[PDB]
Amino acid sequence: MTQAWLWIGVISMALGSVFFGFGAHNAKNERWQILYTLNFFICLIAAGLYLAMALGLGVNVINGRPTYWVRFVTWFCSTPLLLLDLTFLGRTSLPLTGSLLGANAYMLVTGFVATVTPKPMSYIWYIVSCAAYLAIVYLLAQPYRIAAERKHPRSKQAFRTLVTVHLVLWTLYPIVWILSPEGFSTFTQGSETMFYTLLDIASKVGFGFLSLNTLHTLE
């Protein structure tokens, strides 16, 4: 059931918050404190999201099905900080950070429209959102990777691992969406919740630990 996974989510993120929060405190230097604090805020925003969803908030019947539009509201706050985990580690220039957050915000706003609009109009917005996502796929794979690798020549595998894990994780969201009742409806309203909660935990708690491991490698 959706409630069990929303609750699984509530505890997962809150426990991710405590872990990073304890790392934020007793941190070695500024570089380490920032990274631990970025991941602390990400998991706090997510714990907040899951707490509201589990208590029946942020949901409404849209086109005959329960829709947790609150996901867009909070994803709009955590995802720029997830992209900040990458740019902070890469020591990326601000114009490239601007582009990433730019294309990220675009993706969520048009992604939100596809979620609240009926069929077949929703497919247009899905396509537009996927294109904003494919713009992000290019930026991380080419300008971001080339700049981070020149700035860290002995750690080309760290950013290679960062980007690939970021690509696998973020690509499964439009896959879940188009297979859920929003698209082709291959599975129920309960599976959508489960898939999103496992994806969210991995994309924030899981990625959190990866970026810290990535910093250990850089030294």
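In this text, residue numbers run from 1 along the sequence as written.
Peer 1: Between 142-150 and 73-81, which has the larger average Cα B-factor in the PDB entry?
Peer 2: Stretch with the greater average CA B-factor: 142-150.
Peer 1: Quick one: say whether 36-44 or 182-190 has the higher mean Cα B-factor in the deposited entry.
Peer 2: Per the PDB record, 182-190.
Peer 1: Among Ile62, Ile175, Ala52, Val168, where is the Cα B factor highest in this entry?
Peer 2: Top of the list by C-alpha B-factor: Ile62.
Peer 1: Considering every modelled residue of the chain and its Cα B-factor in the PDB entry, is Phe22 in the lowest, middle or highest third?
Peer 2: Tercile = highest for this residue's CA B-factor.
Peer 1: Lowest, middle or highest third of the chain for the C-alpha temperature factor of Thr117?
Peer 2: Tercile = highest for this residue's CA B-factor.
Peer 1: Lowest, middle or highest third: which one holds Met1 when the chain's residues are ordered by CA B-factor from the entry?
Peer 2: Tercile = highest for this residue's CA B-factor.
Peer 1: Could you look up the Cα B-factor of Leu96 in the entry and say which third of the chain it sits in: lowest, middle or highest?
Peer 2: According to the entry, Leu96 has a C-alpha B-factor in the chain's highest third.
Peer 1: Against its chain's modelled residues, does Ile8's Cα B factor rank lowest, middle or highest third?
Peer 2: As the PDB entry reports it, the C-alpha B-factor of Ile8 lands in the lowest third of its chain.
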